[PDB]
Amino acid sequence: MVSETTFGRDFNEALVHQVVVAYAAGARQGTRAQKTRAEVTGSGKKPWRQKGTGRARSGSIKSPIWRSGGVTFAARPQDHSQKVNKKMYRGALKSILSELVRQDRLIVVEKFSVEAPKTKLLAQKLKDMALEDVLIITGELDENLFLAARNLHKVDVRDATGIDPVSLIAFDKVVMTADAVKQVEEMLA
Amino acid sequence: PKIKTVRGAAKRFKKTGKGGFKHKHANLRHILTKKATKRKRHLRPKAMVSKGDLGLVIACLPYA
Amino acid sequence: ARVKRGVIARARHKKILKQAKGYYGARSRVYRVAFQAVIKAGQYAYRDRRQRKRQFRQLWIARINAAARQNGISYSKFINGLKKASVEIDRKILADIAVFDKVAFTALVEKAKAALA
Amino acid sequence: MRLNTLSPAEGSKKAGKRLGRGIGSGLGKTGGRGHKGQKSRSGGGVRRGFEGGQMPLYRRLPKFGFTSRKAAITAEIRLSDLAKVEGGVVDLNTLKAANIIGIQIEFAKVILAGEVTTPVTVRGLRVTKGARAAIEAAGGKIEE
RNA sequence: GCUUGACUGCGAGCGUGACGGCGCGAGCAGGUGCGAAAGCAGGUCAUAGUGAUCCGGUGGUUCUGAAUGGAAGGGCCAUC
RNA sequence: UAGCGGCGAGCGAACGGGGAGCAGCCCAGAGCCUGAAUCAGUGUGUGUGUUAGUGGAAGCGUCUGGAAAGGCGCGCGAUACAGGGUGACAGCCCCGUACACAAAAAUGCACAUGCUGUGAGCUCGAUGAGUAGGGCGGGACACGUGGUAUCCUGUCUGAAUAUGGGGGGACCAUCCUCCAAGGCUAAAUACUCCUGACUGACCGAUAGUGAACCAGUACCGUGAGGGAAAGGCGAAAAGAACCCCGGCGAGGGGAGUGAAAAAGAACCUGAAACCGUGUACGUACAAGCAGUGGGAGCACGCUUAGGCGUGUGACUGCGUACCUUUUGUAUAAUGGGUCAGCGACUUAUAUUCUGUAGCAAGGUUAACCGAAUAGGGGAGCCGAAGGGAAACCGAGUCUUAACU
Ligand SMILES: [K+]
Ligand SMILES: [K+]
Ligand SMILES: [K+]
Ligand SMILES: [K+]
Ligand SMILES: [K+]
Ligand SMILES: [K+]
Ligand SMILES: [K+]
Ligand SMILES: [K+]
Ligand SMILES: [K+]
Ligand SMILES: [K+]
Ligand SMILES: [K+]
Ligand SMILES: [K+]
Ligand SMILES: [K+]
Ligand SMILES: [K+]
Ligand SMILES: [K+]
Ligand SMILES: [Mg+2]
Ligand SMILES: [Mg+2]
Ligand SMILES: [Mg+2]
Ligand SMILES: [Mg+2]
Ligand SMILES: [Mg+2]
Ligand SMILES: [Mg+2]
Ligand SMILES: [Mg+2]
Ligand SMILES: [Mg+2]
Ligand SMILES: [Mg+2]
Ligand SMILES: [Mg+2]
Ligand SMILES: [Mg+2]
Ligand SMILES: [Mg+2]
Ligand SMILES: [Mg+2]
Ligand SMILES: [Mg+2]
Ligand SMILES: [Mg+2]
Ligand SMILES: [Mg+2]
Ligand SMILES: [Mg+2]
Ligand SMILES: [Mg+2]
Ligand SMILES: [Mg+2]
Ligand SMILES: [Mg+2]
Ligand SMILES: [Mg+2]
Ligand SMILES: [Mg+2]
Ligand SMILES: [Mg+2]
Ligand SMILES: [Mg+2]
Ligand SMILES: [Mg+2]
Ligand SMILES: [Mg+2]
Ligand SMILES: [Mg+2]
Ligand SMILES: [Mg+2]
Ligand SMILES: [Mg+2]
Ligand SMILES: [Mg+2]
Ligand SMILES: [Mg+2]
Ligand SMILES: [Mg+2]
Ligand SMILES: [Mg+2]
Ligand SMILES: [Mg+2]
Ligand SMILES: [Mg+2]
Ligand SMILES: [Mg+2]
Ligand SMILES: [Mg+2]
Ligand SMILES: [Mg+2]
Ligand SMILES: [Mg+2]
Ligand SMILES: [Mg+2]
Ligand SMILES: [Mg+2]
Ligand SMILES: [Mg+2]
Ligand SMILES: [Mg+2]
């Protein structure tokens with residue numbers, strides 16, 4: 001239109017939703033636990049005899065019914081990562097990239113560079129382009145543009161290899177070098 | 001972990017093309033002299049598991 | 001994701017206790033008792049929306065009967081007479097007329113008497 | 001298209017049952033387990049095939065047959081697979097290279113399943129009467 | 001009187017069972033008896049006379065046979 | 001899966017394949033040539049870490065306020081907008097952070113180079129015996145003695161030793177393959193009492209450690225051992241000079257501090273049960289789940305000047321709590337003194353069905369590689385063919401000598 005199958009396909013919301021959700025699920029650390037009744041510190045002594053005392057029968061001081069007792073279904077560390085089918089991932093990226101074009105959020109440039117590793121230069125470059133919140137996608141990792149962008153929270157600088165579906169949706173605009181477009185097309189076919 | 005096959009069921013039932021199970025008939029191991037030839041002849045071919053029993057067989061044979 | 005119940009639990013208990021205002025003793029103070037009291041109040045109110053219609057009709061009939069007998073006719077004959085006269089005035093209105101406009105009630109009785117005789 | 005304007009497909013995300021959360025839910029109190037008995041209990045319920053003590057079906061029926069070791073190393077090739085090998089010679093090795101059969105398959109048979117439309121040499125494999133006709137119809141040779 | 005149909009392989013269809021099963025069955029193939037022949041015979045007027053599976057035994061059958069040829073063991077059929 | 005298995009419950013391989021990581025050696029002995037190879041040990045250097053540190057950008061005005069970091073206005077730094085603190089929320093106030101530097105002394109590591117052991121290389125050899133194997137008893141092998149190979153050995157025995165021996169799942173032959181009865185050996189692997197940094201759809205004081213607090217304490221127990229409760233004034237103590245009642249009390253009232261003391265130390269918020277004081281209405285001729293439907297009166301408010309609303313509720317119809325368990329409960333069956341807080345269908349993996357999404361006669365990868373949620377990796381798995389116990393045949397196949 002670049003490839004039409006990549007940059008001019010219909011927005012499959014359900015597919016994009018699954019891949020975005022999976023991405024966020026992949027970010028989860030899942031590091032936690034509680035103590036079951038097995039793991040709470042204490043004796044296995046029956047707190048009082050089964051019969052005759054007039055109290056509800058007790059077995060463990062660690063019972064989850066009890067204050068200070070175990071958690072009934074104590075959490076363990078979990079892996080929250082989902083499988084995303086390769087084709088569903090690539091399908092979602094094509095839908096996202098195509099929507100960015102339809103919404104006028106993908107800007108393509110022949111080159112995007114700054115001279116020195118200086119945040120002031122990039123800030124001035126961006127405000128000349130009517131940009132503020134922007135994913136900049138370059139063909140390669142450039143030191144100076146990366147270092148310039150690091151302290152700008154609204155700005156992220158990637159290579160073509162490190163695109164992800166959340167970032168394409170998250171940033172208001174997406175600047176792509178012409179070289180990055182070639183690589184992203186090559187990626188997605 | 002993986003479900004374990006009930007190994008005794010795997011020795012008694014074979015899954016057919018449309019997902020039924022064939023089995024060998026009971027009553028043809030011994031005490032054969034008193035049984036009519038007709039009765040024994042009808043017990044020789046394999047038979048299909050009935051509808052009432054398929055649930056029990058399927059439970060026992062998750063990897064059939 | 002531990003959820004503490006306090007704020008929601010409080011809100012629910014308060015909602016019930018607000019509905020139990022005016023009730024005696026534990027019924028206006030204590031959630032366990034107030035909850036039963038509020039449920040029962042609702043059961044009775046449901047029942048008594050039906051009973052109210054029964055009780056008011058019963059009251060109207062009693063008053064029509066009194067007013068009819070002042071005018072020399074039973075309730076049962078009066079109603080039969082009005083039906084034969086093709087008067088469709090209902091018991092609520094008849095009972096109200098019986099109290100507030102005794103001359104119009106007398107005219108209804110006279111109409112009813114004419115229909116039977 | 002924002003992170004707060006993406007929805008799942010309708011019907012794709014059904015809410016899980018939560019038992020024992022009050023009358024309204026329809027799963028309050030007993031949690032769909034009914035009243036009492038082994039099946040109401042935590043960890044309760046009989047093993048697979050158990051029929052209450054009646055000799056179960058998988059024990060009142062006789063065992064039959066044996067398992068063949070040869071069948072595990074025997075495969076069936078479809079006619080559709082004949083054009084997936086490289087070079088147009090269908091041997092045991094060329095099928096293995098094309099990932100049609102597993103590496104430990106020693107015996108393979110071409111059956112009349114799918115279709116063939118190229119001259120293929122089949123070598124060292126059994127071929128069904130129908131497969132042989134189909135291979136030969138498309139100009140192929142069955143070398144034994 | 002003469003005989004071995006108390007046959008072997010099957011079986012349209014049906015009955016009766018939760019199921020395992022159990023029952024009735026014309027007809028088809030092979031081979032048989034009795035009858036001049038039509039025919040009849042797959043036990044007995046019928047309905048009881050029974051015991052799943054496992055394990056193992058015996059006979060048959062190269063179906064299988066852990067390098068290969070065998071064998072063992074297993075399978076299948078008959079039977080205990 | 002193959003198998004094992006009162007062939008029950010269950011137990012459960014290997015071959016082969018894909019990966020991580022890879023590394024080979026020595027003695028059973030002399031001779032020749034010599035100490036040459038390679039790791040050890042103990043020094044000197046050499047870098048490079050560690051054990052203190054150093055520098056480290058840029059903001060003001062005005063508004064609200066007790067206080068400004070907030071609002072508003074206009075600036076500035078950013079390889080630093082990690083984070084923390086500061087009288088409310090600070091890139092620019094402070095401590096940091098990015099980044100760039102630093103060691104007198106000790107010491108980890110990687111090398112370079114002495115010294116002392118160490119012996120490389122070549123030819124000639126040699127080639128682990130109470131052992132292998134066996135009988136008996138056990139045990140181990142996924143394998144329960146089974147047709148049971150193989151391993152270990154308590155007991156009794158007992159070879160051949162390279163022209164020999166072991167194994168190839170009873171056993172034999174053939175063939176193939178390996179060389180026991182001597183030993184050493186890095187990496188990939190396991191773990192965290194402990195140290196540093198960093199992270200969390202982990203907890204937030206009945207939670208999270210038993211322990212946020214002088215807690216393994218108090219306390220209990222002869223002892224082993226058991227084992228708590230208990231966090232928050234304020235920005236700052238400015239923690240209330242002084243006066244008054246009181247016992248030179250407790251406690252309080254003023255005063256003063258403070259934005260606030262109804263933040264006063266029994267201190268943030270300050271629920272509920274529970275207990276009071278005040279006011280309105282009702283209530284001392286009246287029988288019961290205490291409400292509900294009807295309803296007068298009284299009090300207090302309000303916009304037809306009217307009714308209306310709020311509280312109360314004389315009188316009157318109806319009316320035996322809830323849960324549980326049951327054929328059935330007001331039941332004199334069960335449970336609950338009340339409140340508050342906590343307290344029960346989860347998690348992992350496998351499997352099937354449904355929905356939904358992708359791709360479609362294909363679908364999908366696992367470990368792993370990759371800083372890479374990418375990309376690679378198709379080893380596998382499921383499916384597109386079944387029938388038969390099986391050989392085997394195959395849109396058929398099995399059955400049977402053969403099928404109507
Ligand atoms: K940035
Ligand atoms: K249920
Ligand atoms: K015949
Ligand atoms: K300001
Ligand atoms: K700050
Ligand atoms: K021995
Ligand atoms: K040999
Ligand atoms: K404890
Ligand atoms: K505690
Ligand atoms: K009443
Ligand atoms: K009872
Ligand atoms: K009792
Ligand atoms: K499932
Ligand atoms: K699905
Ligand atoms: K057929
Ligand atoms: Mg706890
Ligand atoms: Mg991948
Ligand atoms: Mg038999
Ligand atoms: Mg929380
Ligand atoms: Mg109250
Ligand atoms: Mg229900
Ligand atoms: Mg119950
Ligand atoms: Mg019951
Ligand atoms: Mg039940
Ligand atoms: Mg239990
Ligand atoms: Mg393959
Ligand atoms: Mg007879
Ligand atoms: Mg008889
Ligand atoms: Mg047995
Ligand atoms: Mg063999
Ligand atoms: Mg062998
Ligand atoms: Mg600074
Ligand atoms: Mg404040
Ligand atoms: Mg040796
Ligand atoms: Mg040996
Ligand atoms: Mg031995
Ligand atoms: Mg032996
Ligand atoms: Mg043993
Ligand atoms: Mg051997
Ligand atoms: Mg605690
Ligand atoms: Mg608290
Ligand atoms: Mg004082
Ligand atoms: Mg206050
Ligand atoms: Mg204090
Ligand atoms: Mg505060
Ligand atoms: Mg307070
Ligand atoms: Mg009286
Ligand atoms: Mg009175
Ligand atoms: Mg009384
Ligand atoms: Mg009553
Ligand atoms: Mg009873
Ligand atoms: Mg009753
Ligand atoms: Mg009773
Ligand atoms: Mg009771
Ligand atoms: Mg009582
Ligand atoms: Mg009871
Ligand atoms: Mg009680
Ligand atoms: Mg097949």
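Chain naming here is simple, since letters A, B, ... match the order of the sequence lines and numbering starts at 1 in each.
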Query raised in the report: Which nucleotides of nucleotides 67-80 of chain E have their base under 4.0 Å from a protein heavy atom (B), which only their sugar-phosphate (S), and which neither (-), written as one string 5' to 3'?
Result: -------BSSSSBB
Sub-3.5 Å pairs of nitrogen or oxygen atoms, protein against nucleotides 326-329 of chain F:
| residue | atom | partner | partner atom | Å |
| --- | --- | --- | --- | --- |
| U326(F) | OP1 | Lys36(D) | NZ | 2.8 |

Query raised in the report: Is there a residue in residues 155-170 of chain A whose heavy atoms reach under 4.0 Å of RNA chain E, and which residues are they?
Result: none
Query raised in the report: Which ones in residues 55-84 of chain A lie close to RNA chain E, meaning a heavy atom under 4.0 Å from one of its atoms?
Result: none
Query raised in the report: So which of residues 53-62 of chain D are in contact with RNA chain E, with a heavy-atom cut-off of under 4.0 Å?
Result: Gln54(D), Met55(D), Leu57(D), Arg59(D), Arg60(D), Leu61(D), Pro62(D)
Show each protein N/O and nucleotides 97-99 of chain F N/O combination with a separation under 3.5 Å, one pair to a line.
| residue | atom | partner | partner atom | Å |
| --- | --- | --- | --- | --- |
| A98(F) | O2' | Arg150(A) | NH2 | 2.6 |

I'd like a table of donor-acceptor pairs (distance under 3.5 Å, sequence neighbours excluded) in which one partner is a side-chain atom from residues 8-18 of chain B, with atom names and distances.
| residue | atom | partner | partner atom | Å |
| --- | --- | --- | --- | --- |
| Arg12(B) | NE | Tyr58(D) | O | 3.1 |
| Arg12(B) | NE | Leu61(D) | O | 2.8 |
| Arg12(B) | NH1 | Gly8(B) | O | 3.1 |
| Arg12(B) | NH1 | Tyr58(D) | O | 3.3 |
| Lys14(B) | NZ | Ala10(B) | O | 3.4 |
| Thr16(B) | OG1 | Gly20(B) | N | 3.3 |
| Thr16(B) | OG1 | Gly20(B) | O | 3.2 |

Query raised in the report: So, are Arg59(D) and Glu51(D) salt-bridged, with charged N and O less than 4.0 Å apart?
Result: no
Query raised in the report: Taking only residues two or more places apart in sequence, or in another chain, which ones meet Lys120(A) in a side-chain hydrogen bond (donor to acceptor under 3.5 Å, both in side chains)?
Result: none
Check nucleotides 147-150 of chain F for protein N or O atoms closer than 3.5 Å to its own N or O atoms and list the pairs.
none

Show me the donor-acceptor pairs, under 3.5 Å and distance only, between side chains in residues 20-30 of chain C and residues at least two apart or in other chains.
| residue | atom | partner | partner atom | Å |
| --- | --- | --- | --- | --- |
| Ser28(C) | OG | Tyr23(C) | O | 2.7 |
| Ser28(C) | OG | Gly25(C) | O | 3.3 |
| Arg29(C) | NH1 | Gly25(C) | O | 2.9 |

Distances for protein N/O vs nucleotides 321-323 of chain F N/O pairs under 3.5 angstrom?
| residue | atom | partner | partner atom | Å |
| --- | --- | --- | --- | --- |
| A321(F) | OP1 | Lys40(C) | NZ | 3.1 |
| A321(F) | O5' | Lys40(C) | NZ | 2.9 |
| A321(F) | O2' | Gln36(C) | NE2 | 3.1 |
| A321(F) | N3 | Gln36(C) | NE2 | 2.9 |
| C322(F) | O4' | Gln36(C) | OE1 | 3.4 |
| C322(F) | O4' | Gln36(C) | NE2 | 3.4 |

Report summary line: Ring of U206(F), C1'-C2'-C3'-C4' positive counted as north and negative as south, is tagged south
Requested in this report: Kindly state which residues belonging to residues 9-23 of chain C come within less than 4.0 angstrom of RNA chain F, counting heavy atoms of the residue only, listed by number.
Outcome: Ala9(C), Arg10(C), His13(C), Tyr23(C)
